[PDB]
Amino acid sequence: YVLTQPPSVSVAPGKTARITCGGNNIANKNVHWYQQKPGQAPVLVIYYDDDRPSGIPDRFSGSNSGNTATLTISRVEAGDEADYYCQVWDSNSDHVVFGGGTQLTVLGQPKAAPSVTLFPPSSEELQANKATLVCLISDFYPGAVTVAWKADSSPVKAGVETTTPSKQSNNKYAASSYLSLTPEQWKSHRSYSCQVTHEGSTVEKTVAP
Amino acid sequence: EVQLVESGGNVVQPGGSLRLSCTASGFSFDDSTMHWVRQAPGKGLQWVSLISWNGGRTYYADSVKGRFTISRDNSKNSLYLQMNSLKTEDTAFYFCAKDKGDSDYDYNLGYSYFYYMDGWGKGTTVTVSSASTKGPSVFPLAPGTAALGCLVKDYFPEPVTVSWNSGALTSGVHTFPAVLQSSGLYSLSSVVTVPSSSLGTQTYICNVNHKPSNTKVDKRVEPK
């Protein structure tokens, strides 16, 4: 049995938020929703479709119909940011089934643009017969980027890594992206370029041997 | 009032085994079914298995079948999970959950149970890799502002900490998450943005500390 959830949603402090969790004749199933904040342990917010534990604010509510059950949060606050999972129990395969999850992003900051800084293979690392290009994207909002490396126009995927946005000290976001080459490969090409995409924009820096 | 303190997990090699424990307290352990759920680093929750208040019914997630085994000892407030023929895939966080047991009982219509977890623990970490503990190589990332830092690459396992001028410099410092190589080794970075006018008059030293190896590297970062 499959439970399809949306990656993320965004709302403003005040407006309400919807979250979709749907599967064939899901009404036959008792849906349950869990709130897992970064680090801590998950928490039941809504079970048995509508029923709600004490301690959970009236700002929570459940629905279930056709091929989609929904979770609604109103008067959204700041401390409401987290990941939300819908869960049900299957009977024809004795399975408990979870969903992909959804990030709730409460906008309380004026969205900003990235700051890319591209480091080239250090003097030492090369003497070690190694080569690592380090891209550094910082001070952006909200935390959602898209990096892509290219060598002389032609795209490059083989041998890349990238971290996930993490909230800095000034609450803004930041990320990392490493490309690993052999000194031979670093010499052949004439230039390598780190390309970041943030909500349409495409800030780019480039370094050459 | 309610508590759930998992324990037992460590670093295991592909093929090895491990047995996790779960201490309950704050409620009648005997009147509740228990759950094992895992969650890969930054990934979604996944259901492993469950066990009824006695043992009358226990199911395994399709993937962990033939390799994992669940068990409990109501007299000791404890839940158990044995993990054999381990795989790198099985690496993740692990939680023991509590379920009321709710159900509708019919003797001639059929028994139908309902499963929802209303009590979670913080969990214990499981790492499955064929790498051997190792210290990190620390290369210098040198530069109205400018950014410089360290490139702590190739180490195992987590974690590694970083600082500057012995924790003296904090403003503008941001230590990053660790990425995972295709070799099974970790790597990361530590950038510190500073006024590009006060260079040549102030030193910047990257203090690294990988404790599962007792290593401590100190790099000074200067302009090129």
# chains A, B, ... in the order shown; residues from 1 in each chain; ligands from 1
$ residues_around --residues "residue 19 (chain A)" --least-positions-apart "6" --cutoff "12 Å" --atoms "only C-alpha atoms" --output "PyMOL selection string"
chain A and resi 4-11+33+60-64+68-74+83-86+99-104
$ residues_around --residues "residue 169 (chain A)" --least-positions-apart "2" --cutoff "9 Å" --atoms "only C-alpha atoms" --output "NGL selection string"
(:A and (167 or 171-173)) or (:B and (171-174))
$ write_last_selection --atoms "N, CA and C atoms" --output "short mmCIF file (atom, residue, chain, number, x, y, z; two decimals), in the first residue's frame"
data_model
loop_
_atom_site.label_atom_id
_atom_site.label_comp_id
_atom_site.auth_asym_id
_atom_site.auth_seq_id
_atom_site.Cartn_x
_atom_site.Cartn_y
_atom_site.Cartn_z
N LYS A 167 20.60 25.80 9.05
CA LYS A 167 20.42 27.15 9.57
C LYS A 167 21.66 27.68 10.29
N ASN A 171 20.36 32.75 11.50
CA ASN A 171 19.12 32.12 11.08
C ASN A 171 18.98 31.91 9.57
N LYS A 172 19.85 32.53 8.79
CA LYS A 172 19.86 32.30 7.35
C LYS A 172 20.35 30.88 7.06
N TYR A 173 20.40 30.50 5.79
CA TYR A 173 20.79 29.14 5.43
C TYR A 173 22.14 29.05 4.73
N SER B 171 32.33 34.60 16.03
CA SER B 171 31.52 35.42 15.13
C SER B 171 31.88 35.20 13.67
N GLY B 172 30.93 34.69 12.90
CA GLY B 172 31.14 34.47 11.48
C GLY B 172 31.54 33.04 11.16
N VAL B 173 31.68 32.22 12.19
CA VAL B 173 32.07 30.83 12.00
C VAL B 173 30.85 29.94 11.79
N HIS B 174 30.93 29.04 10.81
CA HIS B 174 29.87 28.07 10.56
C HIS B 174 30.42 26.69 10.17
#
$ atom_distance --atom1 "CA of residue 37 (chain B)" --atom2 "CA of residue 55 (chain A)"
24.3 Å
$ residues_around --residues "region 194-211 of chain B" --least-positions-apart "3" --cutoff "12 Å" --atoms "only C-alpha atoms" --output "MDAnalysis selection string"
chainID B and resid 133:173 175 186:191 214:224
$ closest_residue --among "A:44, A:208, A:128, A:97" --to "residue 99 (chain B)" --atoms "only C-alpha atoms"
A:44
$ select_by_dssp --residues "chain A" --states "helix (DSSP H, G or I)" --output "PyMOL selection string"
chain A and resi 26-28+123-127+183-188
$ select_by_dssp --residues "region 82-207 of chain A" --states "strand (DSSP E)" --output "number ranges by chain"
A: 83-89, 96-98, 102-106, 116-119, 131-140, 147-151, 154-156, 160-162, 173-181, 192-196, 204-207
$ atom_distance --atom1 "CA of residue 104 (chain B)" --atom2 "CA of residue 53 (chain A)"
20.3 Å
$ interface_residues --of "chain B" --to "chain A" --cutoff "7 Å" --atoms "only C-alpha atoms" --output "PDB file with C-alpha atoms, in the first residue's frame"
ATOM      1  CA  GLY B  44      11.568   9.197   6.296  1.00  0.00           C
ATOM      2  CA  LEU B  45      10.326   6.939   9.075  1.00  0.00           C
ATOM      3  CA  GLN B  46      10.167   3.214   8.347  1.00  0.00           C
ATOM      4  CA  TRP B  47       8.295   0.458  10.185  1.00  0.00           C
ATOM      5  CA  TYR B  59       4.966  -9.195  12.153  1.00  0.00           C
ATOM      6  CA  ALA B  61       8.514  -5.558   7.504  1.00  0.00           C
ATOM      7  CA  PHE B 114      -5.856  -0.864  15.138  1.00  0.00           C
ATOM      8  CA  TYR B 115      -2.221   0.285  15.257  1.00  0.00           C
ATOM      9  CA  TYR B 116      -1.053   3.805  16.152  1.00  0.00           C
ATOM     10  CA  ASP B 118       1.276   7.242  21.123  1.00  0.00           C
ATOM     11  CA  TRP B 120       8.126   7.582  21.251  1.00  0.00           C
ATOM     12  CA  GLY B 121      11.666   7.313  22.578  1.00  0.00           C
ATOM     13  CA  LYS B 122      14.680   9.350  21.503  1.00  0.00           C
ATOM     14  CA  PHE B 139      43.871  21.051   3.894  1.00  0.00           C
ATOM     15  CA  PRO B 140      43.759  24.890   3.998  1.00  0.00           C
ATOM     16  CA  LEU B 141      41.036  26.816   2.169  1.00  0.00           C
ATOM     17  CA  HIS B 174      29.867  28.069  10.556  1.00  0.00           C
ATOM     18  CA  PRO B 177      27.324  18.965   7.947  1.00  0.00           C
ATOM     19  CA  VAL B 179      28.932  14.485   3.476  1.00  0.00           C
TER      20      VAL B 179
END
$ atom_distance --atom1 "CA of residue 38 (chain B)" --atom2 "CA of residue 54 (chain A)"
26.7 Å
$ residues_around --residues "residue 184 (chain A)" --least-positions-apart "6" --cutoff "10 Å" --atoms "only C-alpha atoms" --output "mmCIF file with N, CA and C atoms, in the first residue's frame"
data_model
loop_
_atom_site.group_PDB
_atom_site.id
_atom_site.type_symbol
_atom_site.label_atom_id
_atom_site.label_comp_id
_atom_site.auth_asym_id
_atom_site.auth_seq_id
_atom_site.Cartn_x
_atom_site.Cartn_y
_atom_site.Cartn_z
ATOM 1 N N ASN A 129 48.599 14.161 -4.599
ATOM 2 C CA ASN A 129 48.036 13.516 -5.782
ATOM 3 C C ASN A 129 46.506 13.473 -5.741
ATOM 4 N N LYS A 130 45.913 14.544 -5.225
ATOM 5 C CA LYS A 130 44.468 14.634 -5.078
ATOM 6 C C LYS A 130 43.976 16.014 -5.507
ATOM 7 N N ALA A 131 42.683 16.123 -5.796
ATOM 8 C CA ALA A 131 42.094 17.393 -6.207
ATOM 9 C C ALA A 131 40.624 17.502 -5.797
#
$ residues_around --residues "residue 202 (chain A)" --least-positions-apart "6" --cutoff "10 Å" --atoms "only C-alpha atoms" --output "MDAnalysis selection string"
chainID A and resid 113:114 145:147 195:196
$ write_last_selection --atoms "N, CA, C and O atoms" --output "compact mmCIF listing (two decimals), in the first residue's frame"
# COMPACT_ATOMS: atom_id res chain seq x y z
N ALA A 113 19.10 36.18 -1.13
CA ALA A 113 19.76 35.50 -2.24
C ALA A 113 21.10 34.90 -1.81
O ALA A 113 21.72 35.37 -0.86
N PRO A 114 21.54 33.85 -2.52
CA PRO A 114 22.76 33.10 -2.18
C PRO A 114 24.05 33.92 -2.27
O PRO A 114 24.05 35.03 -2.79
N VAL A 145 18.19 24.98 -2.48
CA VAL A 145 19.04 25.30 -3.62
C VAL A 145 19.17 24.13 -4.59
O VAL A 145 18.59 23.07 -4.39
N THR A 146 19.93 24.36 -5.66
CA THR A 146 20.15 23.35 -6.69
C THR A 146 21.50 23.59 -7.37
O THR A 146 21.63 24.49 -8.20
N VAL A 147 22.49 22.80 -6.99
CA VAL A 147 23.84 22.97 -7.53
C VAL A 147 24.09 22.05 -8.73
O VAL A 147 23.49 20.98 -8.84
N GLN A 195 27.61 26.00 -10.27
CA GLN A 195 26.38 26.68 -10.66
C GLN A 195 25.22 26.41 -9.70
O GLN A 195 24.72 25.29 -9.61
N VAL A 196 24.80 27.45 -8.99
CA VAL A 196 23.73 27.36 -8.01
C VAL A 196 22.42 27.94 -8.54
O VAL A 196 22.42 28.98 -9.20
$ residues_around --residues "residue 75 (chain A)" --least-positions-apart "4" --cutoff "6 Å" --atoms "only C-alpha atoms" --output "number ranges by chain"
A: 14-16
$ write_last_selection --atoms "N, CA, C and O atoms" --output "PDB file, in the first residue's frame"
ATOM      1  N   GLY A  14      -0.109  33.095  10.444  1.00  0.00           N
ATOM      2  CA  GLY A  14      -1.488  33.545  10.436  1.00  0.00           C
ATOM      3  C   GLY A  14      -2.340  32.674   9.533  1.00  0.00           C
ATOM      4  O   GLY A  14      -3.292  32.036   9.984  1.00  0.00           O
ATOM      5  N   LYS A  15      -1.991  32.647   8.251  1.00  0.00           N
ATOM      6  CA  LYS A  15      -2.684  31.806   7.284  1.00  0.00           C
ATOM      7  C   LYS A  15      -2.619  30.349   7.719  1.00  0.00           C
ATOM      8  O   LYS A  15      -1.713  29.952   8.451  1.00  0.00           O
ATOM      9  N   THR A  16      -3.580  29.551   7.265  1.00  0.00           N
ATOM     10  CA  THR A  16      -3.630  28.137   7.619  1.00  0.00           C
ATOM     11  C   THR A  16      -2.879  27.287   6.592  1.00  0.00           C
ATOM     12  O   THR A  16      -2.561  27.760   5.502  1.00  0.00           O
TER      13      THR A  16
END
$ residues_around --residues "region 25-27 of chain A" --least-positions-apart "5" --cutoff "6 Å" --atoms "only C-alpha atoms" --output "PyMOL selection string"
chain A and resi 64-67
$ decode --residues "region 104-188 of chain A" --atoms "C-alpha atoms" --output "tab-separated table (two decimals), in the first residue's frame"
chain	number	residue	atom	x	y	z
A	104	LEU	CA	6.37	22.97	7.10
A	105	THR	CA	8.16	26.23	6.43
A	106	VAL	CA	6.77	29.21	8.34
A	107	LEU	CA	8.10	32.34	6.65
A	108	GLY	CA	9.21	34.86	9.28
A	109	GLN	CA	12.15	36.36	7.39
A	110	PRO	CA	12.60	38.52	4.26
A	111	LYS	CA	13.84	36.02	1.65
A	112	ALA	CA	17.40	36.61	0.52
A	113	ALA	CA	19.76	35.50	-2.24
A	114	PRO	CA	22.76	33.10	-2.18
A	115	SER	CA	26.46	33.93	-1.85
A	116	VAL	CA	28.64	31.45	-3.75
A	117	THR	CA	32.38	31.08	-3.08
A	118	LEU	CA	34.42	28.55	-5.05
A	119	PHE	CA	37.67	27.16	-3.63
A	120	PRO	CA	40.17	25.39	-5.95
A	121	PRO	CA	42.52	22.46	-5.17
A	122	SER	CA	44.87	23.55	-2.37
A	123	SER	CA	48.64	23.59	-2.87
A	124	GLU	CA	49.10	20.66	-0.48
A	125	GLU	CA	46.26	18.41	-1.65
A	126	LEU	CA	47.82	18.34	-5.12
A	127	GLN	CA	51.18	17.26	-3.74
A	128	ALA	CA	49.13	14.44	-2.25
A	129	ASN	CA	48.04	13.52	-5.78
A	130	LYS	CA	44.47	14.63	-5.08
A	131	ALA	CA	42.09	17.39	-6.21
A	132	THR	CA	38.93	18.74	-4.56
A	133	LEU	CA	36.89	21.75	-5.70
A	134	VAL	CA	34.75	23.15	-2.87
A	135	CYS	CA	31.65	25.25	-3.54
A	136	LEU	CA	30.21	27.29	-0.66
A	137	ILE	CA	26.71	28.79	-0.74
A	138	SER	CA	25.72	30.98	2.21
A	139	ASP	CA	23.31	33.60	3.54
A	140	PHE	CA	20.21	32.57	1.57
A	141	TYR	CA	16.51	32.03	2.29
A	142	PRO	CA	14.61	29.86	2.28
A	143	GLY	CA	16.89	26.81	2.46
A	144	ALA	CA	16.31	25.30	-0.98
A	145	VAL	CA	19.04	25.30	-3.62
A	146	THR	CA	20.15	23.35	-6.69
A	147	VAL	CA	23.84	22.97	-7.53
A	148	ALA	CA	25.35	21.72	-10.80
A	149	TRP	CA	28.98	21.41	-11.86
A	150	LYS	CA	30.28	21.80	-15.39
A	151	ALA	CA	33.70	21.51	-17.01
A	152	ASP	CA	34.13	23.67	-20.12
A	153	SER	CA	30.42	24.11	-20.91
A	154	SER	CA	29.79	20.35	-20.92
A	155	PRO	CA	27.82	19.10	-17.86
A	156	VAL	CA	29.43	17.02	-15.09
A	157	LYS	CA	27.77	14.55	-12.71
A	158	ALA	CA	30.31	11.79	-12.12
A	159	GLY	CA	31.82	12.26	-8.66
A	160	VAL	CA	29.82	14.96	-6.91
A	161	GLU	CA	28.50	15.45	-3.38
A	162	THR	CA	26.34	18.11	-1.74
A	163	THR	CA	25.18	18.77	1.82
A	164	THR	CA	21.70	19.84	2.88
A	165	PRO	CA	20.81	23.43	3.84
A	166	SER	CA	21.45	24.11	7.53
A	167	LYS	CA	20.42	27.15	9.57
A	168	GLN	CA	23.41	29.40	10.31
A	169	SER	CA	23.77	31.59	13.41
A	170	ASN	CA	21.92	34.55	11.90
A	171	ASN	CA	19.12	32.12	11.08
A	172	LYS	CA	19.86	32.30	7.35
A	173	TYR	CA	20.79	29.14	5.43
A	174	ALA	CA	23.95	27.58	3.98
A	175	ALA	CA	25.17	24.56	1.99
A	176	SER	CA	28.25	22.80	0.60
A	177	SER	CA	29.23	20.98	-2.59
A	178	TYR	CA	32.40	19.04	-3.37
A	179	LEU	CA	33.74	17.84	-6.72
A	180	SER	CA	36.57	15.31	-6.72
A	181	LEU	CA	39.08	15.01	-9.55
A	182	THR	CA	42.47	13.51	-10.28
A	183	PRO	CA	45.27	16.06	-10.87
A	184	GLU	CA	45.46	14.79	-14.46
A	185	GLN	CA	41.80	15.67	-15.03
A	186	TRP	CA	42.29	19.00	-13.27
A	187	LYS	CA	45.00	19.90	-15.80
A	188	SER	CA	43.37	18.75	-19.04
